[PDB]
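Asker: Below is a structure I'd like to ask you about.
Only the coordinates and a few stated rules stand behind these numbers; no lab work does. FYI the Cβ positions are ideal-geometry reconstructions off the backbone, even for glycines, and counts take in every protein chain you see.
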């Protein structure tokens, strides 16, 4: 997955957890 | 869809 | 061919 | 050559020794 | 070819934006004691290198990877801290504040230079289409 | 950019390093038997083509200051102070041999002599004193132990403290604060330093830290001024590049 | 992954004993370190204090 | 112990140092914000013609 390219599949949703659980 | 743009979304929040 | 572009490559360091 | 001109070979590597051997 | 200049300058813009983002993240977390895993925040740095695969020496800039610094994490004495080791020492980020500020300013300046290059090349390509009326 | 910003930035960061060293020295202004760290800037010139114009600066620590420190009179027979250029020998953290000036000798319940938690080393190795006995230390390091209950006629020598002689140019401060022989000095003087019979110690006086206050103050003033100077150069270079970027337009 | 945000949290409180003044009052009481007095909270619960 | 009262345990040195660090950390964040805002303008101007 080269940045700036085009891919058929959507990008996965990013997450920023404050705690691992 | 979408939510509040700007400050509120790009700030860490408790998981819910 | 390249490295860290800034502070971490423009400071003197001991050799490897 | 003079600074800012064009040469046929690369410049030598740049190194700054903290203490000379 | 003027068209490849678009790719070259866009790659440069993206790389410098990534570098400025790394610098801002380092500046923000200069006093962070912990992360989600309980590990100290290690200063991040981008790796710049050319991308001229089809038989060229010059092709622009791309960020190969983001790497954490190997300089020594600052040890502060705090025995009551849950993250303190056996000797009571807590590890703190090795961020160089002056270095990150200079990185921010330099990244902004070179980003602006690449913006100007892109604008000039776009103007030249616009003028080309009027070759001989 | 113009890498002149990367010179003033280095000069500003090494100034903060020097300030961190000076502040560490000032924090230990009351540490018993402390040797202040010396800080000095060194210039490294970048070699290359064509015109040598860039010379960066780095902060280095050329050893420590060995100037004998202050002597506080505490009427305690265990606190000893060493003659100038003399060092006490203890067993380091990793079972090695290290040197110190802290004479705050403590006696454990089992009877072993310790300094800052490190065992004290004599000619016979670590020194073990008879449990719960009064200790007197002579001028040359001999240790006399009096067992309570028995008359003062019982006082007899037990062991001799190992006292060594080492200059500043021969010793290097290890990461735990204990001085150890440098490589060149170790190669000539051997692995273990032989006890010097000419070293005299004084019992009942504790040596303080040799952190000079006037030099510290002057160093902080100079560091602040240098940092501000580098900031003014950095601002000038940034302003220059911001207009120079206008050449690419049109 | 270049963006790392920062959030400010309060990891508990500081339990180092504070200053002790001497008021000649028979009701003023001070506790030894790591010790707490027990009171009945507002919501019928159990609370600890110094 | 009866007849003594326990006060607060707020350390003034820690609070003063923390306040100084907070102020001089904010200023840096405000500098980065200004830098990004200045950067975005020329990128926006890139969209002309």
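Asker: P(r) of region F:131-170 in 10 Å steps, Cα pairs, percent per bin?
Answerer: 27, 39, 19, 10, 4
Asker: As I understand it, the value is the acute angle between the Cα axis of helix E:97-128 and the longest principal axis of the Cα atoms of chain E; what does it come to in degrees, rounded to 10?
Answerer: 10 degrees
Asker: Based on the Kirkwood radius over alpha-carbon pairs, what is the Stokes-Einstein translational diffusion coefficient of region F:104-250 at 20 °C with 1.002 mPa s viscosity, in µm²/s?
Answerer: 104 µm²/s
Asker: In peptide E:29-38, what is the residue-averaged number of other protein chain Cβ atoms found within 10 Å of each Cβ?
Answerer: Going residue by residue through E:29-38 and averaging, the value is 3.
Asker: Go ahead and estimate [θ] at 222 nm for chain E from helices alone: -39,500 (n - 2.57) per DSSP H run with n ≥ 4, summed, over the residue count, rounded to 500.
Answerer: When only DSSP H runs of four or more count, the value is -15500 deg cm²/dmol.
Asker: Okay, moving on. Give me Rg over Rh for region E:1-96, both radii from the alpha carbons and Rh done the Kirkwood way, two decimal places.
Answerer: With Rh from the inverse mean 1/r over Cα pairs, Rg/Rh is 1.20.
Asker: Now a separate question. On a 0 to 90 degree scale, rounded to 10, what angle separates helix F:213-244 from the longest Cα axis of chain F?
Answerer: Taking Cα atoms only, the helix is inclined about 20 degrees.
Asker: Can you give me the Cα centroid spacing of region F:227-248 and region D:4-21 in angstrom?
Answerer: With region F:227-248 and region D:4-21 each reduced to a Cα centre, they are spaced 26 Å.
Asker: Evaluate the Kirkwood expression for the hydrodynamic radius of the protein assembly as shown, namely the inverse of the mean inverse distance over all pairs of different C-alpha atoms, and round to one decimal in Å.
Answerer: 29.8 Å is the Kirkwood radius here.
Asker: Measure out, as a whole number of angstrom, how far apart the alpha-carbon centroids of region E:1-58 and region F:96-122 sit.
Answerer: For region E:1-58 versus region F:96-122, the Cα centre distance is 53 Å.
Asker: If you look at just the Cα atoms of region F:82-143, how large are its Rg and its Dmax in Å?
Answerer: 11.4, 32
Asker: Ignore the peptide's own chain and count Cβ atoms of other chains within 10 Å of each Cβ in E:44-54; give me the average, rounded.
Answerer: 3
Asker: Now, a different point. Could you tell me what fraction of 2.2 N^0.38 Å the Cα radius of gyration of region F:12-150 comes to, as a two-decimal ratio?
Answerer: Dividing the Cα Rg of region F:12-150 by 2.2 N^0.38 Å gives 1.52.
Asker: Now for a different question. So how do F:105, A:18, F:201 line up by other beta-carbon neighbours within 10 Å, fewest first?
Answerer: A:18, F:201, F:105
Asker: Now a separate question. Counting other beta carbons within 10 Å of each residue's own, what order do G:36, F:87 fall into, fewest first?
Answerer: Placing the least packed residue first, the sequence is G:36, F:87.
Asker: When the helices in chain F are scored as -39500 (n - 2.57) per DSSP H run of 4 or longer and the sum is shared across all residues, what 222 nm value do you end up with, to the nearest 500 deg cm²/dmol?
Answerer: So the calculated ellipticity at 222 nm is -8500 deg cm²/dmol.
Asker: With contacts defined as alpha carbon pairs under 8 Å and 6 or more residues apart, what's the relative contact order of chain F in percent?
Answerer: Averaging sequence separation for qualifying contacts and normalising by length gives 27 percent for chain F.
Asker: Cα centroids of region F:132-197 and chain C: how far apart, whole angstrom?
Answerer: Spelled out, the Cα-based centre of one part sits 46 Å from the other.
Asker: Based on the mean of other beta carbon atoms within 10 Å per residue, what is the order of E:117-130, F:106-119, most packed first?
Answerer: My ranking of the peptides, most packed first, is F:106-119, E:117-130.
Asker: Compute the angle between helix E:3-28 and the longest alpha-carbon principal axis of chain E, please, reported from 0 to 90 degrees and rounded to the nearest 10.
Answerer: 20 degrees
Asker: When chain E is modelled as a GNM with alpha-carbon springs shorter than 10 Å, which of E:16, E:70, E:45 fluctuates the most?
Answerer: So, out of E:16, E:70, E:45, the one fluctuating most is E:70.
Asker: Now, a different point. Using only alpha carbon positions, build the gyration tensor of chain G, then give the equivalent ellipsoid semi-axes as the square roots of 5 times its eigenvalues, largest first, whole angstrom.
Answerer: 36, 18, 9
Asker: Which order do G:34, F:150 fall in if you start with the one that has the fewest other Cβ atoms within 10 Å?
Answerer: Lowest count first: G:34, F:150.
Asker: Please average, across the residues of A:3-11, the number of beta carbons from any other chain that are within 10 Å of each residue's own beta carbon, and give a whole number.
Answerer: Mean partner shielding for this stretch: 1.
Asker: Viscosity 1.306 mPa s, temperature 10 °C: give me the Stokes-Einstein translational D for chain F in µm²/s, with Rh taken as the Kirkwood radius over C-alpha pairs.
Answerer: Answer from the Stokes-Einstein relation: 74 µm²/s.
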